[PDB]
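So the protein sequences, as listed, match chains A and A'. A prime marks a further copy of an entry chain.
Just so we're aligned, residue 1 is where the first sequence starts under the deposited numbering, counting upward by one.
Just so we're aligned, residue 1 is where the second sequence starts under the deposited numbering, counting upward by one.
Number of protein chains: 2
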Amino acid sequence: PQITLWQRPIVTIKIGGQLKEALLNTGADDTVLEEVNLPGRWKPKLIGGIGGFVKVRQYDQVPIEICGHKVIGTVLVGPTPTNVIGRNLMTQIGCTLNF
Amino acid sequence: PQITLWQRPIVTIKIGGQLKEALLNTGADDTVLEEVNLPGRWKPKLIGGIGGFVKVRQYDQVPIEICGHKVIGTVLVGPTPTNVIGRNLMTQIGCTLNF
């Protein structure tokens, strides 16, 4: 699709057998999601850096569908004020900025 | 242009007679820039909200060129870890997300 930016670019995703919503965020390097149960292995990762860090669980090669596009990428799972799809997964779906 | 997202979408801007660089950020509602001197009127605005708020100066109808596109929009001036072009100005330049 083509998504204009007059409103927040919130899209439907399917991850870990659940439907969720997340913000397509070109300002975010990584994809961070709350309340997802993923199988398979993870390692702790520190993200952010303002005021302290936030610890999240890093899962690599996670299957995820974003707006109907089935891709694979690293998903960080843990505390975030809004579910965010970062550049790491936007590249996978072939998302570009155009003007 | 078409901008892929393998690297941070950092673009050249011209604002207040200075060349600067800023991040095209679809996750940001507003455009926030550091170290710019703008003429004309402003009002204080509180942004963010995590850990407290950040106070910035809100300038409306600011002329700004973004990657060669001359537009007008609200610019918030004050403390930010990176210069950010938010949705408010991305709409103005006709920037869309495409996949």
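Backbone N, C-alpha and C define an ideal beta-carbon position, used for all residues, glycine too.
Contact set for residue i: own chain, Cβ-Cβ below 8 Å, skip 5 residues either direction
i	result
A/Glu-34	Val-77, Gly-78, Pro-79, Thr-80 and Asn-83
A'/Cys-95	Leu-24
A/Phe-53	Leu-46 and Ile-47
Residue i, enclosing alpha helix (DSSP H) - first and last residue
i	result
A/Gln-92	87 to 92
N-terminal and C-terminal residue of the beta strand (DSSP E) that residue i is part of
i	result
A/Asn-98	96 to 98
A'/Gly-73	69 to 77
A'/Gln-18	18 to 24
A/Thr-12	10 to 15
CA-to-CA distance, residue j to residue i, given in whole angstroms
i	j	result
A'/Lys-43	A/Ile-47	33 Å
A/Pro-1	A'/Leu-89	21 Å
A/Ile-50	A/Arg-87	20 Å
A'/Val-75	A/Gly-40	45 Å
A/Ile-64	A/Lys-45	20 Å
A'/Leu-23	A/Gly-17	34 Å
A/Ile-13	A/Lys-55	23 Å
A/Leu-19	A'/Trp-6	26 Å
A'/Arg-57	A/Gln-61	43 Å
A'/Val-11	A'/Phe-99	21 Å
A'/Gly-73	A'/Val-36	15 Å
A'/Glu-21	A'/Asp-29	18 Å
A'/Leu-97	A'/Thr-91	11 Å
A'/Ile-15	A/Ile-15	41 Å
Residues of its chain near residue i, where Cβ-Cβ distance is below 6 Å and the 5 sequence neighbours each way are ignored
i	result
A/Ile-3	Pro-9
A/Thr-26	none
A'/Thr-31	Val-75, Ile-85, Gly-86, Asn-88 and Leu-89
A'/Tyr-59	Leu-38, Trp-42 and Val-75
Residues of its chain near residue i, where Cβ-Cβ distance is below 7 Å and the 5 sequence neighbours each way are ignored
i	result
A/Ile-93	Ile-66, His-69 and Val-71
Using Cβ-Cβ distances below 9 Å, what residues of the segment 70 to 81 of chain A are close to chain A'? Listed by position along the chain: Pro-81.
When Cβ atoms are compared, which residues of the segment 11 to 32 of chain A' fall closer than 8 Å to chain A? Correct list: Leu-23, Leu-24, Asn-25, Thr-26, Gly-27, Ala-28 and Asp-29.
Mind checking the segment 43 to 73 of chain A against chain A' and listing, in chain order, the residues whose C-beta falls within less than 8 Å of any C-beta there? Answer in chain order: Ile-50, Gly-51, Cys-67 and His-69.
Where in the segment 27 to 67 of chain A' do unbroken runs of the beta strand (DSSP E), each at least 3 residues long, occur, reported from the N-terminal end onward? The qualifying runs are 43 to 48 and 53 to 66.
Residues of the segment 81 to 94 of chain A in Cβ contact with chain A' at a cutoff of 8 Å, in chain order, please. Within the segment 81 to 94 of chain A, the qualifying residues are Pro-81, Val-84, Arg-87, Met-90, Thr-91, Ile-93 and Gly-94.
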